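Novice: I'd like to ask you about the structure that follows.
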Amino acid sequence: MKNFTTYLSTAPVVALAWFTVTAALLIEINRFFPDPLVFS
Amino acid sequence: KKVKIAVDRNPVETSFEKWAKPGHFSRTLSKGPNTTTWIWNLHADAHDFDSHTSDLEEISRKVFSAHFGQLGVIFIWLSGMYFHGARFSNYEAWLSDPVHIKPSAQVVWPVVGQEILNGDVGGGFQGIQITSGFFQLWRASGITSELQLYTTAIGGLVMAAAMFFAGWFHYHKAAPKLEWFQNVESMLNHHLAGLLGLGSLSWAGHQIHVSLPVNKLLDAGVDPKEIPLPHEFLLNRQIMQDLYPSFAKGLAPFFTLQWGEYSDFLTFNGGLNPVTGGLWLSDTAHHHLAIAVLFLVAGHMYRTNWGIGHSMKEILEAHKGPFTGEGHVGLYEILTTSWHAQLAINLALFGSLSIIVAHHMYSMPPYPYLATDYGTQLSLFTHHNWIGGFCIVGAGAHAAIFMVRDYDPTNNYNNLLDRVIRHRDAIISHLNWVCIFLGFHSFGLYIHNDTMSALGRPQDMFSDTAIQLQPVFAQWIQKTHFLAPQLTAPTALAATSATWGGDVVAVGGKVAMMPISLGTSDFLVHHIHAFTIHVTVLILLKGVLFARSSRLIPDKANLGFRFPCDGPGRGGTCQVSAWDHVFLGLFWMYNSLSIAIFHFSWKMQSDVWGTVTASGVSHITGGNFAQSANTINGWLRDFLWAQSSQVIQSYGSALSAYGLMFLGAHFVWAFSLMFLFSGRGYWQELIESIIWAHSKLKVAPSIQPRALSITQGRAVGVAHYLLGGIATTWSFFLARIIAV
Amino acid sequence: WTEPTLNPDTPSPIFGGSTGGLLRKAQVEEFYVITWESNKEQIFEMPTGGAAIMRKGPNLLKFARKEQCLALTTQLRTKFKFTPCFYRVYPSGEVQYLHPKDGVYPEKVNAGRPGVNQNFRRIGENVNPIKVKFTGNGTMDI
Amino acid sequence: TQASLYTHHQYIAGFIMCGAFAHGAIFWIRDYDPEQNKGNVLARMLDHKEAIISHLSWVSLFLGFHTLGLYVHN
Amino acid sequence: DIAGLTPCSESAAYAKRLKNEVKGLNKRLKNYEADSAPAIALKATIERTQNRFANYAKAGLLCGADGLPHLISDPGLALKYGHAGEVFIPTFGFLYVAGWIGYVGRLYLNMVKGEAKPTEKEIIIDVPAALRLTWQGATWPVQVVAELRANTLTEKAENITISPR
Amino acid sequence: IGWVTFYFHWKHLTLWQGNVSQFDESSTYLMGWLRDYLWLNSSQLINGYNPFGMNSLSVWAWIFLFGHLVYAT
Amino acid sequence: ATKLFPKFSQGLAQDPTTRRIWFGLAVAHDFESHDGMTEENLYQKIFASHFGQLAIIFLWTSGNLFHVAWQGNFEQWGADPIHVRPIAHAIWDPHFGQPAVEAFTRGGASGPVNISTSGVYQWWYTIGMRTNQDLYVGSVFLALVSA
Ligand code: CLA
Ligand code: CLA
Ligand code: CLA
Ligand code: CLA
Ligand code: CLA
Ligand code: CLA
Ligand code: CLA
Ligand SMILES: CCCCCCCC(=O)O
């Protein structure tokens, strides 16, 4: 597990995770607060 | 000499320790990164097993295991298609009304207004019209419900897990020894009979028991949800007997050699089914039955462990003559001790097969309600043509790799391999001359027609109205195969395809297959294809012959396959390697295939595809290929510009995704011209200035940022160049043909 | 050591012939002749294209490029660990012993070699191009 | 005429501008004396050459990433 | 007001753009049965459209004859006339996150510098320490200024390698 | 320069045809620049010489294609 | 053997390849590199080269006036500049077909001609020119200046 976690830390894996979370966050934000053209 | 299973127990251990050590495969990249190049290197050198080690036992085990995973991902892809066609699809709705309902099997989430992509494909469904021809494939498989698709999907996923397990088992557990892999006589004997022969016979079983009765009932008008389920045909002989009376006898006619009795499910009708517009399913069953007996017998030719059989090594050596020196003696070892030699030969035939399949499938639509689905036909023909063209280019690349890595001057003394490397300047020179001739005598009679038309002299042009150049040879072969069934092939009730000639198959008021007529423009476009095919071969063949040496740089073999240039001397020696002959032979492949797909797109829309009206048929473009294709302007005004209207006006409609991709494709294609027209020297220094800014604010990265290698930039540009152009055509074709 | 003299009657290796050898330059301009001494009859790869069986003892092969001869020289010096030597036969017959032209293959230091093209300053101590402008002389050479 | 005259000059102007910088680079190599120009405004330009080049990089990226992003967005 | 840009609330074209756009979806709703998922979906698109084409006007988005809302960049114009929510306020929001990302990155870079082999902590990222520095960038502006007013944000000009002039 | 001379031409073609709203709207998105400008205006030039005849714009159609040839070369 | 084409570059002159012909046309107006170049000689050569460019400009302008006068519609266009289309020159193409000869007869002519987009007409009108003679006189004058 020490070496599996090392692999899950490599750049390609970490970037895949970080982006997925960021993408999902934006998607979910528009899902509940849609059409955000202005900050009102 | 004994053919036996040889395996080494538990060779590679299964651990993640290597997973955490990037570059463990290469002695050079195991030392970690110090420049940003290592990142791009550990990927550009991960599948090159030959580079990782010198043992051909390990390289083979890696190759054998790799293939397994590939199969696994293929299964996953296939299983996903069935699942998406099981839950998110309109297959069942399409079954009832295949003509007026467009296939759809991709539904987008309702977000960022992307729900517009879910267009009204008809049948109470709003999704994305697919062009993969899976609905018509499932129909001809008998699938009449989404429970037979769900089960198949699950089965594919199970197979996937078996494949990856097999790859790990045959690598980390029971790893075959080299002596196992080098039994070519055994492989061919088992791949011809066991794989191809049994694979066809097993299909001839399904087609005869499930696909034929189900399709007959579907074409008879029976509701899909009222047809007896497949198994009932197998068990209940009465049902199958009613559909095919020959099941009243049984398997007796076969053993009694009275096969004739089975002339109701095994026939040589020929042509297309008048109801569905696709090859009769009965004829396909008979084909797979025959193809099987052939392959099964072919599997008993090469010698294995007993005595009967042939020795490929002896055969090759036996074939030598008064002009080719020693002959094919010495190729057997090359093709049993090299993976690059085998791959090259395999890719070439495999890629060519893909193009041949595309020509046959479109000419003789094999699936029900396929020809009237114009988008599916076009999308399939264009697809296979590319998939194949790429393989061929790979065949040239690996051939060169073997020449610079696995060629041994000692084994090849007077082989037809040394005797060709010894006249490379005659082969190349003559091919160069024919390319120039074909060039002027194919593209010139196009500029001539352009100039003569522009100068207002349209009687001095090369057309069916003026100086005609009809393809007489192609026009005679068309007639020898249209009148073939009445003479050459009596048993065949009709010709192989309507393309050769005859009436026009119409299904649902649309042209399934219409006799294609070849005129001056066909002659002109066909010779244009020849010129491109010849050029592409010249670039790749030149790379293979001089892959080891040439008058310029007589030691390239010692330099490698992927080496940028020997130096700026000798008046410049850039792109001398065989990788750079593959790099350029990709652009020409794109140019060669692009004209072919455009030729098919225009010819068909103009001379085949259309609606059969009272007295006459209305073609998508009103039959303007003949007079409009003899000039380059006609290919821009009546093809590119005219047919580009659908994609440029797809915005706001379900097809708006293609308009966006159409432009996005232009951007990718153009973006590629920054790596194909530039040089690292400029980027490396530019990066130096950027690093300075970073080092001032103390934000400089520990790994040294380095510009892409000379070879890398060549690869990045060609990759984006091909991706952009093909994507542009994919959007164009799909939005044009789906809209019209 | 005495600059070896070419024996133009030296057995030549066995080779059927290739459309990749000498052209008009060999006669109108010049050509080169590599020579070596084998221990056994062995197949080698020609720097022009193909394979050839070297003969036992004296061997002689002719090329139209020095790099081609030197290529074969390194091949023999490495694959067969031989000590090949090549000349430059001008159209008048003037043979000029090209390699090693000293007896000691270039890489090895040997007293009796003068220093040619040797600047005794750091590459970054060369003058500005303006100092050599209109002088028709390179900054490095000046 | 109006259209073909604007396009003519605007293109000719662009080629002329490329020549301006072009000959400027030739000046730096063929005719620049680093010892005579010592501390002059011309020699204190190469001193912050990275500053000038890098700052031109940031502006280009900013203009590029955004100008295009608001076209794809639309 | 501003540059002849009429408020979308008083923009007739904006109203037509609503009428014609909801009509184009109320003609795609008819070719579907009242309860089908196709129809539940097209009715959500009509509701979402009618909400957006009103949230915009209620935000006082001035639009031209085109009927498409326009944005004001000048801080004085945006602030003086209550158009700060467009561009102005959004500007700082990005700047804060942008500097946050950059500051956290430099914090990590300068920690792995020194540490054993700094080059192998850029490929195999130390997710633990990377997760202990993310929140440290919340008050990045406070820390960044404290570094300017201490001469530690930048490097000395006699410690940065420069290309030969 | 390509972008500047394309902006002049469209801003002005829309000015001269009287359809200023055409530019005031299509220019906002890039798709408008291609279909409403390059594709729409190219309709006549490309028809300088067609299988039915030729008009005074034949030289420009011939040059238009000639330019593409030199550019690709 | 050595050639004479690249007189300025002896290296190119001695070049046995074809590159000597290509470079000989390129390194031609880079006197600063020419074999045996003095600063004064360089300036004198450049100064004379400037005169040559000035001869071309005036000769080029004279040709435009001549063709506008000999093969143009200036007086007609001047009468109706908002209807008549300025004619640049005539198309004597020994390859033109009859439809090409017909379609290119425009702007009021008796043969195939080319309408001008240079805008010389509008300019020459505004500055005082009204007849074809004004153009002929100007062309001769500018031609003399070029000489
Ligand atoms: C499932 C458990 C498992 C474990 C713990 C290991 C562990 C190991 N394997 Mg291994 N292997 C496995 C399963 C496993 N394998 C299976 C199922 C197969 C059959 C395909 C293989 C086939 C295989 C080969 C041929 C080789 C190894 C090798 C190795 C060793 C080093 C290479 C490595 O794995 O680093 C990590 C590698 C990766 C993380 C790459 C992942 C590639 C996988 C197979 C599929 C990825 C494809 C991807 C989806 C393509 C699409 C990308 C696109 C979407 C962008 C290492 C100790 C190498 C070795 O023996 O050492 C020299 C070796 O050559 N394995
Ligand atoms: C009747 C015997 C038989 C059959 C049917 C096959 C079939 C196949 N072989 Mg094969 N082979 C055989 C005998 C046989 N072989 C013998 C005797 C040898 C030793 C001389 C080899 C050595 C060999 C090599 C080196 C390779 C193959 C490969 C392949 C696959 C081709 C790749 C492909 O198109 O994937 C298409 C996939 C399918 C058509 C689905 C069928 C897949 C099944 C599960 C394969 C089962 C084959 C096996 C003999 C069955 C027993 C397995 C059992 C022990 C669990 C294919 C499925 C290639 C490969 O492994 O690809 C991954 C390859 O690299 N074979
Ligand atoms: C069964 C077919 C087959 C097989 C087994 C191989 C096997 C091999 N090839 Mg190969 N090749 C093939 C077909 C095949 N090839 C074909 C058809 C072509 C013609 C295009 C090529 C052209 C080719 C070249 C030019 C090279 C190889 C090389 C190699 C070797 C190492 C490859 C590598 O480094 O992995 C690494 C794999 C990658 C780095 C992936 C590349 C990145 C992909 C392709 C780009 C993404 C494409 C995709 C459309 C992107 C989608 C969009 C994106 C945003 C996600 C390896 C043994 C290399 C070699 O051995 O030279 C010494 C080499 O340079 N091949
Ligand atoms: C429009 C762009 C363009 C054009 C016209 C060509 C043309 C040609 N390429 Mg090429 N190529 C291109 C782009 C282009 N390429 C690009 C972008 C790449 C990068 C991938 C390549 C990469 C490439 C390779 C690797 C090779 C070629 C080769 C060839 C030649 C093939 C031999 C032939 O058919 O001769 C026929 C001539 C023509 C088809 C040109 C037609 C022009 C007309 C007919 C001439 C009429 C002139 C007329 C007399 C008027 C004279 C007026 C007077 C003032 C001169 C050919 C001339 C091959 C080659 O060199 O020859 C074997 C080859 O090896 N190309
Ligand atoms: C359509 C073709 C094209 C495009 C789009 C560009 C674009 C660009 N060029 Mg360029 N160039 C081209 C052709 C092209 N060039 C050609 C043919 C040549 C002649 C060889 C040159 C020669 C050239 C030089 C010499 C230079 C440039 C430079 C630049 C950059 C200028 C700075 C900028 O605007 O940053 C804006 C950034 C963008 C517009 C990128 C958009 C953001 C990306 C696309 C999104 C991120 C990825 C996304 C999420 C998904 C994609 C990746 C994913 C699949 C993983 C810019 C990105 C300059 C430079 O390098 O900048 C310092 C410069 O020095 N170019
Ligand atoms: C990014 C560059 C930039 C540009 C091009 C402009 C341009 C403009 N600004 Mg401005 N502004 C900027 C940045 C910029 N600003 C920043 C960063 C701030 C925050 C400090 C402000 C805060 C600001 C205010 C408070 C006002 C302007 C105003 C104006 C307009 C007229 C004022 C003037 O003469 O010069 C530019 C002025 C400044 C840059 C700041 C000083 C404030 C001005 C001088 C007071 C003028 C008031 C008066 C009503 C303006 C008459 C304009 C005329 C049409 C009647 C003008 C078009 C005026 C306006 O039109 O709003 C109603 C105004 O009131 N700006
Ligand atoms: C800690 C990461 C980091 C930081 C703080 C910076 C900071 C900076 N970069 Mg930079 N850059 C980075 C990463 C980073 N970059 C990476 C990974 C690349 C390769 C794609 C680049 C490529 C790049 C170029 C080409 C340029 C800059 C430029 C600049 C400067 C202009 C300001 C700006 O708008 O940012 C610009 C940032 C970009 C253009 C792209 C980077 C954006 C990424 C997403 C941020 C990095 C996040 C990082 C992975 C987080 C690590 C966290 C850790 C725990 C793992 C600025 C000081 C410009 C400059 O030099 O100004 C003179 C410029 O020309 N950067
Ligand atoms: C296709 C030509 C047939 C081969 C001729 C062989 C003659 C012989 O073996 O004597």
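Each chain of the structure tokens is named A, B, ... in the order shown, its residues numbered from 1; ligands are numbered from 1 in display order.
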Per residue of chain D within 7 Å of ligand 5, record the nearest atom pair and its distance in Å to one decimal, counting only C-alpha atoms and all ligand atoms, with rows in chain order and ascending residue number, as a Markdown table.

Specialist:
```
| residue | atom | partner | partner_atom_place_in_ligand_line | distance |
| --- | --- | --- | --- | --- |
| D:57 | CA | ligand 5 | 62 (C) | 4.8 |
| D:60 | CA | ligand 5 | 32 (C) | 4.2 |
| D:61 | CA | ligand 5 | 35 (O) | 3.3 |
| D:62 | CA | ligand 5 | 36 (C) | 6.4 |
| D:63 | CA | ligand 5 | 34 (O) | 5.9 |
| D:64 | CA | ligand 5 | 34 (O) | 3.3 |
| D:65 | CA | ligand 5 | 36 (C) | 4.3 |
| D:68 | CA | ligand 5 | 39 (C) | 6.3 |
```

Novice: Write a file of the just-selected residues containing C-alpha atoms, as a PDB file, in the first residue's frame.

Specialist:
```
ATOM      1  CA  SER D  57       5.147  36.802 -23.579  1.00  0.00           C
ATOM      2  CA  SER D  60       0.527  37.755 -25.766  1.00  0.00           C
ATOM      3  CA  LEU D  61      -0.695  34.807 -23.615  1.00  0.00           C
ATOM      4  CA  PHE D  62      -3.243  37.010 -21.758  1.00  0.00           C
ATOM      5  CA  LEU D  63      -4.602  38.442 -25.054  1.00  0.00           C
ATOM      6  CA  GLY D  64      -4.591  34.948 -26.638  1.00  0.00           C
ATOM      7  CA  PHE D  65      -6.172  32.887 -23.815  1.00  0.00           C
ATOM      8  CA  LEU D  68     -10.181  33.367 -28.169  1.00  0.00           C
TER       9      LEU D  68
END
```

Novice: Provide as a count of residues only the residues of chain E at most 9 Å from chain B, counting only C-alpha atoms.

Specialist: 32

Novice: Using backbone DSSP assignments, extract all alpha helix (DSSP H) residues from chain F; output them as a PyMOL selection string.

Specialist: chain F and resi 2-17+20-26+30-32+40-45+58-72

Novice: Calculate how many Å separate CA of residue 463 (chain B) from CA of residue 445 (chain B), rounding to one decimal.

Specialist: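 For CA of residue 463 (chain B) relative to CA of residue 445 (chain B), the distance reads 10.0 Å.
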
Novice: Give me, as a ChimeraX atom specification, the residues of chain B touching chain F, with the criterion being at most 7 Å (counting only C-alpha atoms).

Specialist: /B:453-454,456,627-628,633,637,648

Novice: Please, could you write that set of residues out with N, CA, C and O atoms as a short mmCIF file (atom, residue, chain, number, x, y, z; two decimals), in the first residue's frame?

Specialist:
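Written out: again_3.cif:
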```
data_model
loop_
_atom_site.label_atom_id
_atom_site.label_comp_id
_atom_site.auth_asym_id
_atom_site.auth_seq_id
_atom_site.Cartn_x
_atom_site.Cartn_y
_atom_site.Cartn_z
N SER B 453 -11.83 26.04 -69.44
CA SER B 453 -13.17 26.51 -69.03
C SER B 453 -13.13 28.02 -68.75
O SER B 453 -14.04 28.73 -69.22
N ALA B 454 -12.11 28.48 -68.02
CA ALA B 454 -12.01 29.91 -67.65
C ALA B 454 -11.80 30.75 -68.91
O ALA B 454 -12.37 31.86 -68.98
N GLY B 456 -13.05 30.34 -71.56
CA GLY B 456 -14.30 30.28 -72.34
C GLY B 456 -14.19 29.32 -73.51
O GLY B 456 -14.93 29.49 -74.49
N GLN B 627 -20.40 16.26 -65.05
CA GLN B 627 -19.92 17.54 -65.65
C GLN B 627 -19.22 18.43 -64.62
O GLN B 627 -18.48 19.34 -65.06
N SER B 628 -19.43 18.21 -63.33
CA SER B 628 -18.87 19.15 -62.32
C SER B 628 -17.57 18.63 -61.70
O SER B 628 -16.96 19.40 -60.93
N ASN B 633 -12.38 23.57 -59.58
CA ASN B 633 -13.37 24.55 -59.07
C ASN B 633 -14.68 23.81 -58.75
O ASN B 633 -15.27 24.12 -57.70
N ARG B 637 -16.77 24.35 -55.61
CA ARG B 637 -18.07 25.07 -55.67
C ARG B 637 -19.22 24.08 -55.50
O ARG B 637 -20.15 24.40 -54.73
N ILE B 648 -21.97 24.46 -41.56
CA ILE B 648 -21.78 25.89 -41.19
C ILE B 648 -23.10 26.44 -40.63
O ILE B 648 -23.06 27.50 -39.98
#
```

Novice: Any idea what's packed within 12 Å of residue 2 (chain A), counting only C-alpha atoms, ignoring anything in its chain fewer than 2 positions away? Could you give it as a PyMOL selection string?

Specialist: (chain A and resi 4-9) or (chain B and resi 15-17+19-20)

Novice: Just the number, please: distance in Å from CA of residue 64 (chain B) to CA of residue 405 (chain B), one decimal.

Specialist: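 Computing it gives 20.5 Å between the two atoms.
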
Novice: Kindly compile the residues surrounding ligand 3 within 7 Å, counting only C-alpha atoms and all ligand atoms, and format them as an NGL selection string.

Specialist: :B and (43-49 or 343 or 347 or 390-395 or 397-398 or 401 or 561-562 or 579 or 582-583 or 719 or 723)

Novice: I need the residues of chain C that end up classed as strand (DSSP E) by DSSP on the backbone, written out as a list in words.

Specialist: residues 31, 32, 33, 34, 35, 36, 37, 38, 42, 43, 44, 45, 51, 52, 53, 54, 57, 58, 59, 60, 61, 62, 63, 85, 86, 87, 88 and 89 of chain C

Novice: Can you write out the residues you just picked, keeping N, CA and C atoms, as a PDB file, in the first residue's frame?

Specialist:
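part07.pdb, written as the output of this step:
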```
ATOM      1  N   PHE C  31      38.449   9.295 -56.798  1.00  0.00           N
ATOM      2  CA  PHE C  31      37.803   8.186 -56.046  1.00  0.00           C
ATOM      3  C   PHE C  31      38.767   7.733 -54.946  1.00  0.00           C
ATOM      4  N   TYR C  32      38.340   6.801 -54.091  1.00  0.00           N
ATOM      5  CA  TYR C  32      39.189   6.400 -52.948  1.00  0.00           C
ATOM      6  C   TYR C  32      39.280   4.879 -52.928  1.00  0.00           C
ATOM      7  N   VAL C  33      40.337   4.323 -52.330  1.00  0.00           N
ATOM      8  CA  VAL C  33      40.529   2.841 -52.342  1.00  0.00           C
ATOM      9  C   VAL C  33      40.911   2.367 -50.937  1.00  0.00           C
ATOM     10  N   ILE C  34      40.002   1.656 -50.262  1.00  0.00           N
ATOM     11  CA  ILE C  34      40.299   1.108 -48.905  1.00  0.00           C
ATOM     12  C   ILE C  34      40.907  -0.288 -49.069  1.00  0.00           C
ATOM     13  N   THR C  35      41.877  -0.637 -48.220  1.00  0.00           N
ATOM     14  CA  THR C  35      42.528  -1.971 -48.291  1.00  0.00           C
ATOM     15  C   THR C  35      42.709  -2.520 -46.872  1.00  0.00           C
ATOM     16  N   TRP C  36      42.592  -3.840 -46.704  1.00  0.00           N
ATOM     17  CA  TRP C  36      42.757  -4.462 -45.368  1.00  0.00           C
ATOM     18  C   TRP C  36      43.284  -5.888 -45.512  1.00  0.00           C
ATOM     19  N   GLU C  37      43.418  -6.599 -44.396  1.00  0.00           N
ATOM     20  CA  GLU C  37      43.966  -7.972 -44.428  1.00  0.00           C
ATOM     21  C   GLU C  37      43.142  -8.844 -43.493  1.00  0.00           C
ATOM     22  N   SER C  38      42.321  -9.729 -44.049  1.00  0.00           N
ATOM     23  CA  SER C  38      41.402 -10.541 -43.221  1.00  0.00           C
ATOM     24  C   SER C  38      42.070 -11.780 -42.631  1.00  0.00           C
ATOM     25  N   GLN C  42      34.756 -13.852 -44.571  1.00  0.00           N
ATOM     26  CA  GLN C  42      33.569 -13.513 -43.764  1.00  0.00           C
ATOM     27  C   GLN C  42      32.673 -12.568 -44.547  1.00  0.00           C
ATOM     28  N   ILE C  43      31.362 -12.613 -44.316  1.00  0.00           N
ATOM     29  CA  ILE C  43      30.413 -11.668 -44.972  1.00  0.00           C
ATOM     30  C   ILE C  43      30.391 -10.357 -44.182  1.00  0.00           C
ATOM     31  N   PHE C  44      30.618  -9.218 -44.839  1.00  0.00           N
ATOM     32  CA  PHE C  44      30.511  -7.888 -44.185  1.00  0.00           C
ATOM     33  C   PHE C  44      29.422  -7.074 -44.900  1.00  0.00           C
ATOM     34  N   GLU C  45      29.028  -5.919 -44.361  1.00  0.00           N
ATOM     35  CA  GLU C  45      28.005  -5.053 -45.001  1.00  0.00           C
ATOM     36  C   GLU C  45      28.719  -3.926 -45.719  1.00  0.00           C
ATOM     37  N   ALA C  51      25.625  -6.991 -49.043  1.00  0.00           N
ATOM     38  CA  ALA C  51      26.596  -7.804 -48.282  1.00  0.00           C
ATOM     39  C   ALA C  51      27.663  -8.359 -49.217  1.00  0.00           C
ATOM     40  N   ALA C  52      28.875  -8.568 -48.706  1.00  0.00           N
ATOM     41  CA  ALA C  52      29.986  -9.079 -49.535  1.00  0.00           C
ATOM     42  C   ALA C  52      30.872 -10.018 -48.726  1.00  0.00           C
ATOM     43  N   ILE C  53      31.419 -11.054 -49.360  1.00  0.00           N
ATOM     44  CA  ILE C  53      32.316 -12.016 -48.662  1.00  0.00           C
ATOM     45  C   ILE C  53      33.760 -11.536 -48.804  1.00  0.00           C
ATOM     46  N   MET C  54      34.359 -11.064 -47.714  1.00  0.00           N
ATOM     47  CA  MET C  54      35.775 -10.635 -47.742  1.00  0.00           C
ATOM     48  C   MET C  54      36.644 -11.866 -47.949  1.00  0.00           C
ATOM     49  N   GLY C  57      43.203 -12.867 -46.289  1.00  0.00           N
ATOM     50  CA  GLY C  57      44.414 -12.102 -46.621  1.00  0.00           C
ATOM     51  C   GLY C  57      44.081 -10.798 -47.306  1.00  0.00           C
ATOM     52  N   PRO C  58      44.936 -10.276 -48.196  1.00  0.00           N
ATOM     53  CA  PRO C  58      44.702  -8.972 -48.806  1.00  0.00           C
ATOM     54  C   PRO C  58      43.322  -8.742 -49.440  1.00  0.00           C
ATOM     55  N   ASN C  59      42.681  -7.591 -49.183  1.00  0.00           N
ATOM     56  CA  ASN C  59      41.387  -7.224 -49.817  1.00  0.00           C
ATOM     57  C   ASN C  59      41.460  -5.762 -50.273  1.00  0.00           C
ATOM     58  N   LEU C  60      40.767  -5.385 -51.346  1.00  0.00           N
ATOM     59  CA  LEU C  60      40.805  -3.998 -51.882  1.00  0.00           C
ATOM     60  C   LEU C  60      39.427  -3.624 -52.420  1.00  0.00           C
ATOM     61  N   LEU C  61      38.853  -2.518 -51.947  1.00  0.00           N
ATOM     62  CA  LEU C  61      37.513  -2.062 -52.388  1.00  0.00           C
ATOM     63  C   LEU C  61      37.593  -0.579 -52.733  1.00  0.00           C
ATOM     64  N   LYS C  62      36.887  -0.134 -53.771  1.00  0.00           N
ATOM     65  CA  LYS C  62      36.982   1.276 -54.230  1.00  0.00           C
ATOM     66  C   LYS C  62      35.673   2.005 -53.968  1.00  0.00           C
ATOM     67  N   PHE C  63      35.753   3.252 -53.491  1.00  0.00           N
ATOM     68  CA  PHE C  63      34.540   4.064 -53.208  1.00  0.00           C
ATOM     69  C   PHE C  63      34.697   5.447 -53.849  1.00  0.00           C
ATOM     70  N   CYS C  85      43.362   0.587 -44.312  1.00  0.00           N
ATOM     71  CA  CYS C  85      43.994   1.865 -44.736  1.00  0.00           C
ATOM     72  C   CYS C  85      43.476   2.228 -46.130  1.00  0.00           C
ATOM     73  N   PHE C  86      43.150   3.503 -46.363  1.00  0.00           N
ATOM     74  CA  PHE C  86      42.560   3.893 -47.672  1.00  0.00           C
ATOM     75  C   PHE C  86      43.329   5.073 -48.274  1.00  0.00           C
ATOM     76  N   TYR C  87      43.288   5.203 -49.603  1.00  0.00           N
ATOM     77  CA  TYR C  87      44.017   6.295 -50.298  1.00  0.00           C
ATOM     78  C   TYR C  87      43.026   7.151 -51.085  1.00  0.00           C
ATOM     79  N   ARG C  88      43.529   7.996 -51.989  1.00  0.00           N
ATOM     80  CA  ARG C  88      42.640   8.806 -52.858  1.00  0.00           C
ATOM     81  C   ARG C  88      43.204   8.777 -54.264  1.00  0.00           C
ATOM     82  N   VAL C  89      42.666   7.940 -55.133  1.00  0.00           N
ATOM     83  CA  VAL C  89      43.268   7.819 -56.482  1.00  0.00           C
ATOM     84  C   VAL C  89      42.701   8.928 -57.355  1.00  0.00           C
TER      85      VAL C  89
END
```

Novice: Throw together the list of residues within 9 Å of ligand 1, counting only C-alpha atoms and all ligand atoms, and drop it here as a ChimeraX atom specification.

Specialist: /A:4,7 /B:11-26,46-47,49,52,58-59,61-70,72-73,161,163-172
